[PDB]
Amino acid sequence: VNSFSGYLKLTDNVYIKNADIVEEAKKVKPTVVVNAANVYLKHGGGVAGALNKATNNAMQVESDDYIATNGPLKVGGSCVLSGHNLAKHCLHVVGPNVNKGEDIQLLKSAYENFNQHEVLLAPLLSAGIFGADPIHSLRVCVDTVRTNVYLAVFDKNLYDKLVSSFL
Ligand SMILES: C[C@H]1CCN(c2ncnc3[nH]ccc23)[C@@H]1CO
């Protein structure tokens, strides 16, 4: 039993809700919130910009030190950093950005990072400003993640469309 509320159960382990991931994380304080990161951890917009703003830019400060030490992530890769005031840990995961021409096949690799964590609050990877089809992202999530994932969907029409079209 955990403290996530109002989620529709899609499968044994995947749950979905129309919610603002920042407000969700602040309420639940999950062990892990997933960020829709880029390889440079430049949290400008989308989910990443929103989460970073909620940390008063502390996420960006921590991220800049991470990059200065380690260099960029790989597309499809991840790193674990602090969750600041939002969660214990933030798993920064780089899904392919279609608007940069990146290979959508790397989306499965991106979701595989979730399997290293028993429970996560997450967005749909490569959705929103990353330019992929959210229906496809949900399908890959369901077919890749085996741990318990609570998906927070910003767009209401999308949430309803994702639910009504879910196979
Ligand atoms: C619509 C896309 C882009 C934004 N994003 C979000 N999802 C959940 N909570 C959020 N809070 C702020 C942004 C955001 C979706 C990720 O596929």
Side-chain angles (χ1 to χ4, degrees), residues 3-10 14-60 63 73 75-78 81 83-87 89-114 117 119-145 148-166:
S3 57
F4 289 100
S5 182
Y7 286 77
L8 181 67
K9 177 174 182 61
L10 292 179
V14 180
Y15 292 82
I16 197 166
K17 180 180 176 187
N18 173 223
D20 182 335
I21 192 167
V22 166
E23 294 311 315
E24 281 290 308
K26 283 194 285 187
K27 180 70 172 187
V28 174
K29 311 227 199 305
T31 301
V32 180
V33 65
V34 173
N35 182 31
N38 57 50
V39 297
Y40 310 107
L41 303 179
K42 290 308 186 193
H43 310 302
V47 166
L51 294 170
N52 176 60
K53 178 178 175 187
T55 76
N56 185 42
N57 212 50
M59 177 181 286
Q60 191 63 67
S63 293
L73 296 180
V75 179
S78 70
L81 292 172
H84 301 276
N85 47 315
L86 304 177
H89 305 287
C90 178
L91 180 70
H92 296 271
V93 180
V94 185
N97 190 325
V98 178
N99 303 317
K100 302 178 179 177
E102 293 166 357
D103 184 10
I104 193 60
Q105 308 304 310
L106 291 166
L107 185 55
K108 189 173 182 73
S109 303
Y111 274 117
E112 287 171 343
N113 295 285
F114 289 25
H117 301 276
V119 184
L120 316 86
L121 171 62
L124 285 169
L125 296 180
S126 299
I129 64 176
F130 281 62
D133 185 341
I135 299 179
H136 178 63
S137 182
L138 179 55
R139 188 74 256 166
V140 179
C141 181
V142 161
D143 293 341
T144 304
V145 181
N148 292 326
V149 56
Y150 288 82
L151 291 165
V153 181
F154 192 85
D155 189 328
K156 170 61 165 169
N157 247 130
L158 180 63
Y159 169 81
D160 289 343
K161 180 186 186 192
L162 295 165
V163 168
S164 303
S165 64
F166 183 72

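Positions are given from 1 along the sequence. Each ligand, and each atom within it, is numbered from 1 in the order the structure gives. Hydrogens, waters and symmetry mates are skipped; everything else that's a heavy atom, side chains included, is used.
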**Study point:** Results of salt bridge (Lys or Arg N to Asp or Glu O under 4.0 Å) for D133 - residues two or more places apart only
**Key:** none

Review point. Angle class for the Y7/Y150 ring planes (parallel below 30°, perpendicular above 60°, tilted otherwise)?
Key: perpendicular

Study note, to complete from the structure: One should read off an interatomic distance between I135 CD1 and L158 CG, to the nearest 0.5 angstrom, of 7.5 Å

Review point. Where is the tightest heavy-atom contact between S137 and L107, given as atom of each residue plus distance?
Key: CA-CD2, 3.8 Å

Practice item. Give a yes or no on whether a salt bridge exists between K27 and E24, defined as a side-chain N under 4.0 angstrom from a carboxylate O. Key: no

Check your understanding: Got a second to check how far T31's OG1 is from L91's CG, nearest 0.5 Å?
Key -> 12.5 Å

Quick one: ligand 1 N/O to protein N/O pairs below 3.5 Å?
| from | atom 1 | to | atom 2 | distance (Å) |
| --- | --- | --- | --- | --- |
| ligand 1 | 9 (N) | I21 | N | 3.2 |
| ligand 1 | 17 (O) | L124 | O | 3.2 |
| ligand 1 | 17 (O) | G128 | N | 3.4 |

